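Structure first, commentary second.
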Ligand code: HEM
Ligand code: HEM
Ligand SMILES: CN[C@H](C)Cc1cc(C#N)cc(OCc2ccc3c(C)cc(N)nc3c2)c1
Ligand SMILES: CN[C@H](C)Cc1cc(C#N)cc(OCc2ccc3c(C)cc(N)nc3c2)c1
Ligand SMILES: C[C@H](O)[C@H](O)[C@H]1CNc2nc(N)[nH]c(=O)c2N1
Ligand SMILES: C[C@H](O)[C@H](O)[C@H]1CNc2nc(N)[nH]c(=O)c2N1
Ligand SMILES: [Zn+2]
């Protein structure tokens, strides 16, 4: 019940007790492990208060005022507001805490060593899509910082009862368009083909390129969503060149500097924030391995190897592997050359082990999802591969939520 | 209950019902997943239900469920248990059992081959010398001059746990590891502890970088004995690179036959503590883990140096570049010498086909993503995007403690 994890490269053994504070369930059972599954109605008054108490209890513990008048007062104060208004509002301090700890508890995020340096933008006074646009432009500009990226989250008003949901329909704030083409294949980004279309099907005029920055589709208070174009001057992009292959430039690749995920739900003390775009900076493999080389994406492997004139006749020449590496060397080279923040998978995984040992030390553990933490290339030469991890759900948290167009009462 | 898995690259969805036949536990609860944890004396009482379920499975597979042959065999096993407190498997049952232990191995990417296992019945074996003979024949048969063939050799089952047959080697063929006084390691760091035991037991070590370890064999609970595998039975492959002429000068080689010998085979409640089995290598086993793991031969740096890479910053990905070349060389050397090997692209593709086929005919295929995804280039192999369900079916291969931690020494 007081579990241990071993690192098999170093024989370091850490002891986990934090998992006992877990509440939400994993999807696994005694007879079956679902650890590789991608994805395994309002809160009532009786539902909401224990959730609020749990949260305030951990908040006042964290500021070392557990069992204080201030604690008991605030407990009292929220309990009465709940029975009154059937919901409650967080103080700014608790909002910031809640957001930082939702990143802290994100068992799938390799970048959590940075979790306490999160910039939190309170957008709970927002009322309109135009308002949302303004807040999102300010987020983008602040986070980008002329290439010196800074972590940030912007939090819009909380769900009241599903009727007045704030939603960012984009999956990220900045992403390239994906177009069906009569020929057969797909121009731009295949992952975004449906959304690219819903934009047009809403009224967007597409330049029909391969790297068209998508418009924002913003939903305030549950109204029909609205199209907004991000000022191009706010969208930092990196031309992709290779430090030894001149011909790499001629492939015509670029990517954006700011990874800003915008379709998730932030849960704090029972309250649900359906619109909460957050952003950090990229690990190189996210772009070079997944975005460029997933067959379901830009899938440029064949073309790169072709230009390297590798032997593509058989898989055992490992031409895919060889090209995959060059591609990722190039992504890192390009961002670094342009002084845009990026981290390689060796550096980030090493940072994460240090973060793990930190969390075990000062917190008694660190929920971690091996299947997502291990990078998508060169797994076993990174230190997290040989690191046993325990995965469990802590709150406050980031949660998945349905795509709006499947739900929204049009 | 029905359970679905999605391949996110192909949007193919499969439905698992086989998990319902799962008996053993995973280590996971509804509040904690132990999916990345490496590891998460039996009486007459619990044995007959274990036997019955096995025999029910066996006779279903041969389409004779509920037949007189089925019921008589049940009765026969029952009486033998009540009388002798254990029982013996028919040859047919053993063969079925061993194949299905492999079929059930959720961490094995090579299971498309499970039905083609060559099973050697060594249950008449009584001494260490006899064990050595059986194992030599296994090695010769399996190796087949480079044309590798899957095989398992099954020694007598546990009885009171005081008379175990054990192979003390983790694999039949492995290289020795020597700790030096200056803290360096000569050979395979993975085998320093076992090497030391051998030496204590009287092995005269050559003390080179690639010394094939002797067999340390334990029969019927007696003290283990040392034997040397005849060198002409040990097929080795010098490693060279197709474009890099300096690569051969690193002086590396590896053996052709992977043969795991420290696992326990469970069939119908019976425990076979010595059951060495072998197939053939996936390249990355050697080229990624054996050569490039920091706790192994760890040749990444030397290879990178000779490629003249930027080894200053890690973001130059000199490690990733060196790793690919080392793995190219491993595949190149084996194919050139006509020794059976499979690259991780071919193997993972085959496994997906196998997995789909298994859902169709069997209602599921238990699979451990953490182990199935290759240790390099994960997401450009099709298993990365494949959701999987992990559960435990019997017959099965299980882990067991190293014998030198449990053995009672005779003298
Ligand atoms: C600052 C540097 C950061 C790095 C390098 C980083 C890196 C990563 C990576 C590589 C993944 C794997 C996901 C994928 O492959 O698509 C991930 C997942 C995730 N990250 Fe981080 N991240 C960073 C910052 C943040 C921040 C600021 C937040 C929120 C405040 C966050 C929250 C998450 C969440 C919730 C997931 C998993 C979501 C899911 O279940 O799919 N990350 N991160
Ligand atoms: C014939 C070609 C085969 C290939 C290419 C293959 C491949 C692999 C690989 C790559 C692993 C991961 C192990 C690691 O990375 O340390 C594995 C695990 C495993 N294999 Fe296979 N294998 C083959 C044949 C067999 C046979 C013949 C058996 C048994 C009769 C078997 C039983 C197992 C078991 C029980 C494991 C799990 C070991 C553990 O849990 O630690 N395999 N296999
Ligand atoms: C094709 N695979 C899909 C896109 C998996 C995924 C789904 C969702 C959602 N909803 C959200 C996801 O976000 C992962 C994530 C979230 C935040 C990140 C930040 C802030 C930085 C960064 N470098 N990577 C992130 C990665 C991922
Ligand atoms: C340092 N990591 C350790 C060695 C993991 C491991 C432990 C054990 C045991 N006991 C058994 C193991 O077996 C894996 C295995 C088993 C059989 C294989 C066969 C038959 C062929 C092949 N190519 N690889 C195998 C790989 C692995
Ligand atoms: C900690 C982690 O579970 C451990 O290092 C596992 C991960 N996956 C693996 N996968 C394979 N094929 N072989 C291994 O030895 C391991 N080791
Ligand atoms: C099927 C599998 O769960 C799926 O492909 C997962 C595997 N691991 C991952 N790991 C990361 N970091 N990101 C991902 O999208 C995925 N996808
Ligand atoms: Zn699990």
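Couple of notes before you dig in:
- Per-region count, region B:354-385, residues within 17 Å of residue B:105 (Cβ to Cβ) and within 14 Å of chain A (Cβ to nearest Cβ): 13
- Flag if residue B:336 is away from every other protein chain (no Cβ under 11 Å) and over 21 Å from residue A:332 (Cα atoms): yes
- Selection status of residue A:72, assigned by CATH to the domain that holds residue A:115 and within 16 Å of ligand 7 (Cβ to nearest atom): no
- Region B:25-42 - residue that is within 14 Å of residue B:371 (Cα to Cα) and in contact with a helix residue (DSSP H, G or I) (Cβ under 9 Å, 6 or more places away or on another chain) and, of those, nearest to ligand 7 (Cβ to nearest atom): B:35
- Residues that are more than 18 Å from the chain's Cα centre (by Cα) and farther than 22 Å from residue A:225 by Cβ occur at least once in region A:189-201.
- Residue list for region A:242-274, restricted to those being more than 14 Å from ligand 1 (Cβ to nearest atom), part of a loop (DSSP other than H, G, I, E, B) and crowded, with 18+ Cβ neighbours inside 10 Å: A:242, A:253, A:269, A:270, A:274
- Some residue of region A:236-247 being more than 16 Å from ligand 2 (Cβ to nearest atom), within 20 Å of residue A:171 (Cα to Cα), more than 14 Å from chain B (Cβ to nearest Cβ) and in contact with a strand residue (DSSP E or B) (Cβ under 6 Å, 6 or more places away or on another chain): yes
- Residues located in region B:280-299, provided they are more than 14 Å from ligand 5 (Cβ to nearest atom) and either surrounded by fewer than 21 Cβ atoms within 10 Å (Cβ to Cβ) or within 30 Å of residue B:219 (Cα to Cα) (or both): B:280, B:298, B:299
- Per the listing A:131, A:188, A:203, the residue uniquely outside the structural domain of residue A:99 (by CATH) and within 29 Å of residue A:300 (Cα to Cα) is A:188.
- Test for residue B:302: is it more than 14 Å from residue B:175 (Cα to Cα) and crowded, with 17+ Cβ neighbours inside 10 Å: no
Table: residues versus (1) away from chain B (no Cβ under 14 Å); (2) under 21 Å from residue A:396 (Cα atoms); (3) buried (at least 19 other Cβ atoms within 10 Å of the Cβ).
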| residue | (1), (2), (3) |
| --- | --- |
| A:8 | no, no, no |
| A:16 | no, yes, yes |
| A:21 | no, yes, no |
| A:51 | yes, yes, no |
| A:64 | yes, yes, no |
| A:77 | yes, yes, no |
| A:91 | yes, yes, no |
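- The numbered conditions (1) within 14 Å of chain A (Cβ to nearest Cβ); (2) closer than 30 Å to residue B:157 by Cβ; (3) over 27 Å from the mean Cα position of the chain (by Cα) are all true for residue B:2 except (2).
- Of residues in region A:17-74 being on the phi > 0 side of the Ramachandran plot and over 29 Å from the mean Cα position of the chain (by Cα), the one nearest to ligand 5 (Cβ to nearest atom): A:64
- Taking the criterion of being under 16 Å from residue A:213 (Cα atoms) and assigned to a loop (DSSP other than H, G, I, E, B), the residues of region A:138-177 that qualify are A:169, A:170, A:171, A:173, A:174, A:175, A:177.
- Residue satisfying all of: in region A:386-396; within 14 Å of chain B (Cβ to nearest Cβ) and more than 30 Å from residue B:314 (Cα to Cα); surrounded by the most Cβ atoms within 10 Å (Cβ to Cβ) among these: A:392
- Residues that are more than 9 Å from chain A (Cβ to nearest Cβ), farther than 14 Å from residue B:248 by Cα and outside any helix (DSSP H, G or I) within region B:294-309 comprise B:296, B:297, B:298, B:308, B:309, listed in sequence order.
- Residues located in region B:270-292, provided they are more than 19 Å from the chain's Cα centre (by Cα) and within 11 Å of chain A (Cβ to nearest Cβ): B:292
What is reported rests on the model, the rules as stated and the sources as named; no laboratory read-out is quoted. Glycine gets a Cβ as well: all are built from the backbone with ideal geometry, and neighbour counts include every protein chain shown.
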